[PDB]
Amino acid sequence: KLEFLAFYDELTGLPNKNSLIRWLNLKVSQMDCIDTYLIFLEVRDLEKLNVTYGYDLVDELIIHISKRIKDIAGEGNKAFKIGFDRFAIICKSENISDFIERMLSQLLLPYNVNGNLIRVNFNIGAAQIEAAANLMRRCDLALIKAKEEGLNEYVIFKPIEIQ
């Protein structure tokens, strides 16, 4: 279909960056985005993995990752695949840091991909939702700040200031 090609990710089935944008413009229209956050998760050293395990194995890994993200995310929250090695989440949460850590601790858990026990690293950039581009840019910056900090570290931007 032309709609699935325009809004979803082939390999993962998750909605892509275009879908993230529509839903972002929507979310920003409302009254109170009751502490709703945009979160950017990056799978680290995914290239070295394509080299080490081959592309087919790694695409399977990505699927595994997407499902886990989709799982600890929840149904009331949205998960997207916006880059080869990057995912995005829209989530409403009173305590977003713990939400981030809970998920990170779980993402850090091994993946049994076709008998292959695999462990990967991540980084997370998050931003208080409050146009679409500027928010995504803000998340991007947080992700950058997080990687400078090191592997498996996260940064949350609030109206901005480091958190």
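Counting begins at 1, following the sequence as shown.
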| item | value |
| --- | --- |
| Residue 159-residue 160 interval: deposited residues absent from the model | 1 to 3 |
| Deposited-sequence gap flanked by residue 35 and residue 36 | none |
| Higher-B stretch (mean Cα B-factor, as the entry records it), 25 to 33 or 45 to 53 | 25 to 33 |
| Top residue by Cα temperature factor, when 120, 129, 69, 63 are compared in the entry | 129 |
| B-factor third for the C-alpha atom of residue 105 within its chain | middle |
| Entry-reported Cα temperature factor of residue 73, expressed as the chain third it lands in | highest |
| CA B-factor ranking of residue 88, expressed as a third of its chain | lowest |
| For residue 96, the third of its chain into which the C-alpha B factor falls | highest |
